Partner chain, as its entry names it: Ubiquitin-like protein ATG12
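One chain follows as structure tokens, the form solved without its partner chain.
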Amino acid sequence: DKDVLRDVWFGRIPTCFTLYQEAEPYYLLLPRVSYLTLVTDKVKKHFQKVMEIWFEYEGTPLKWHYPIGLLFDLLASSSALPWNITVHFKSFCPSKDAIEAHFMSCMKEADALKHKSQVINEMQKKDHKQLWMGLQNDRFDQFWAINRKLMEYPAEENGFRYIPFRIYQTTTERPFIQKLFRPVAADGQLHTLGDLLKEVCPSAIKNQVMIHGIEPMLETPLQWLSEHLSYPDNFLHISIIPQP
């Protein structure tokens, strides 16, 4: 269990950054759980034997506010490695404060979904800063020290109130799908990934259902997935990709 958490957290994607139509390509291992603008300072640095930088994969712009692992999963995982990303220049990248604010809005949405009483809002600005720093400085211990409490639910309940997930289909150019979904069925048994898809997105059941670069069995309990295969934003970002 704890090993799954770490394995998710430390996931890397090998990436080749090539300048759009002399600059050598630039290679980097990207953290799956982070955001491009955070980890690509050195890529921007490097592509400056030139006289506002943005990224694109095979025609699609890569958006600042998605996790890197999701973008790869959805857009490039069908292709061979390294991820081939094209670097582009503007003549005139959100702030770290802007990213932190997006991140925290996401955590807050996830919190309001999971708990009857908002745990995140009972925390101190100290703890929120540690959540962000934990993500930004790639420190699993510091982040999970706080994130632990966000993953608690009262023992009598068998799971969160609602599971925070977002389902992506084919391209980030289509909006992701969300709706209230409980981890436990009326009969009392645990809902599966299969149950979630069957409800929220019946056409995924030909298709690949990818979470953090792997394909869980559909029979996998959703509550556990939520606790273990969420991104740090506390969401399950799920890709539905055409085979193969």
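Numbering follows the first chain given and starts at 1. Take the two forms, superpose them, and find the largest set of C-alpha atoms that agree within 1.5 Å; that set is the rigid core.
Looking at the other PDB entries for this protein, residue 22 is absent from the model in a third or more of those that include the residues around it. According to the entry, the deposited sequence places 4 to 9 unmodelled residues between residue 51 and residue 52. A summary of the deposited B-factors shows that, of 149-157 and 100-108, the stretch with the larger mean C-alpha value is 149-157.
Checked against the record, the higher mean CA B factor of 80-88 and 123-131 lies with 123-131.
Of the candidates 172, 117, 137, 142, it is 117 whose Cα B-factor is highest according to the PDB record.
Ranking 21, 15, 220, 234 by the C-alpha B-factor listed in the PDB entry places 21 at the top. Among all modelled residues in its chain, residue 199 ranks in the highest third by Cα B-factor. Residue-level temperature factors show residue 43 in the highest third of its chain, judged at the C-alpha atom. The deposited CA B-factor of residue 187 belongs to the highest third of values across its chain. Compared with the other modelled residues of the chain, the Cα B-factor recorded for residue 193 ranks in the middle third. Residue-level temperature factors show residue 70 in the lowest third of its chain, judged at the C-alpha atom.
This next part talks about the form deposited with its partner chain bound, which is not shown.
Although the partner is absent from this view, residue 54 stays clear of its partner chain in the deposited complex, with no non-hydrogen atom inside 4.5 angstroms.
With a 4.5 Å cutoff on heavy atoms, residue 113 counts as touching its partner chain in the deposited complex.
Its partner chain in the deposited complex is not approached by residue 171, whose heavy atoms all lie more than 4.5 angstroms from it. Within 4.5 Å of some heavy atom of its partner chain in the deposited complex lies at least one heavy atom of residue 179. Taking 146, 167, 106, 87 one by one, only a single residue has any non-hydrogen atom within 4.5 Å of its partner chain in the deposited complex, and it is 106. Looking at 50-72, the residues that come within 4.5 Å of its partner chain in the deposited complex, counting any heavy atom, are 65, 66. Fit the rigid core and compare the CA positions between the shown form and the other one: of 148, 139, 174, 129, just 174 moves by 2 angstroms or more. Figure legend: C-alpha atoms of residue 173 and residue 199, shown here, are separated by at least 3 angstroms less in the deposited complex.
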